[PDB]
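Coordinate-derived values only; no laboratory data. Please note: Cβ atoms are built from the backbone with ideal geometry, for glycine as well, and neighbour counts cover all protein chains shown.
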Amino acid sequence: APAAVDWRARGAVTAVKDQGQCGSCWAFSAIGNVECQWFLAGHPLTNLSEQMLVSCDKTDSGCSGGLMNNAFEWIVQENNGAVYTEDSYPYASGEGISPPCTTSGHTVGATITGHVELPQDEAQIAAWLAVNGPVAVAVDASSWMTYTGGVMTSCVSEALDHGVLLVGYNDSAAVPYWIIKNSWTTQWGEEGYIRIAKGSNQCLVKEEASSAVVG
Ligand SMILES: *CC(=O)[C@H](C)NC(=O)[C@H](Cc1ccc(O)cc1)NC(=O)OCc1ccccc1
């Protein structure tokens, strides 16, 4: 596997966004992964819509929570593989309320054919990431309100409660780390990003990792 890969330095990752008061982390995780996978399939990097999932994905619960894998399959099975551009369906759940779904007036910005679920093994997750790109992951984010910067070498790891995007790793650093994109604005952590130690299942990072496959 390569020593260090950071997909941000390869034009593959869009800017950090904000879920606001809505419990929509699952939607941000799922869409961020689709955005990166579309770019790596040889298309221009385009911002895609989390609102589409929060308002229209009735197999999840909007501002109450949801699962990245249910979102990926709602796209393929209920929305004919289509993901709308963020520009044509902007975020509207910042106040913690999800408005009724709108089924027209939007534009398709990417399509996916399905999704794969990766092994519960950090080394294996890293080998796939290095070739194929960013992966959606679920974590225990209980301690993340105290994250100020640096490599978090210890993290409360006992219940998965938040979905985020894994965009790289560096195994040649003093402590190998994972690089994670979050959705609590740029004002949190390292410009919206967090680095956690890699190799000890910090914040339960290896437990629920998956990715969309483009088509
Ligand atoms: C991050 C956030 O905004 C909130 C309120 N929580 C969720 O979105 C949870 C994220 C998560 C947690 C564990 C996983 O293994 C994966 C993602 N999800 C959660 O609340 O899942 C609930 C659910 C809703 C509808 C149908 C089935 C399950």
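Pairs on different chains or at least eight residues apart, Cα atoms closer than 21 Å: how many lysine pairs in the chain fit?
Details: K17/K181; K181/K198; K181/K206; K198/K206.
Count of close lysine pairs: 4.
Out of the GluC sites (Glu not before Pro) in the stretch 1-98, which ones are loop residues according to DSSP with at most 13 other C-beta atoms within 10 Å? Provide the component values of the computation, followed by the final result.
Numbers: sites: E35, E50, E73, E78, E86, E95; in loops: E86, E95.
Filter output for the stretch 1-98: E95.
Could you list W188, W38 so that the one with the fewest beta carbons within 10 Å of its beta carbon is first and the one with the most is last? Don't skip to the answer; put the middle values down first.
Working: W188 18, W38 23.
Starting with the residue having the fewest Cβ neighbours, the order is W188, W38.
Give me the compactness ratio for the chain, meaning the Cα radius of gyration over 2.2 N^0.38 Å.
Values: Rg = 16.1 Å, N = 215, 2.2 N^0.38 = 16.9 Å.
Here the answer is 0.95, to two decimals.
Rounded to whole Hz and in sequence order, give me ³J(HN,Hα) for the stretch 42-48 from the Karplus expression 6.51 cos²θ - 1.76 cosθ + 1.60, θ = phi - 60°, writing x for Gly and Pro.
With coefficients 6.51, -1.76 and 1.60, one gets x, 10, x, 5, 10, 6, 10 Hz.
How would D171, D57 line up from fewest to most surrounding beta-carbon atoms within 10 angstrom? Don't jump to the answer; show the numbers that get you there.
Numbers: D171 15, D57 22.
Arranged by neighbour count, lowest to highest, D171, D57 become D171, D57.
Can you tell me, using C-alpha contacts under 8 Å and at least 6 residues apart, the relative contact order of the chain as a whole percent? Write out the running numbers ahead of the final one.
On the way: 498 pairs, mean separation 58.2, N = 215.
Value for the chain: 27 percent.
Within the chain, which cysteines find no other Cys whose Cβ is under 4.7 angstrom from their own?
Unpaired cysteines in the chain: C25, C36.
Tilt of helix 68-78 relative to the longest C-alpha principal axis of the chain, in degrees (0 to 90, nearest 10)?
30
Quick one: 3J(HN,Hα) in Hz for the stretch 29-38, Karplus 6.51/-1.76/1.60 with θ = phi - 60°, rounded, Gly and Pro as x.
4, 4, 5, x, 5, 4, 3, 4, 5, 4
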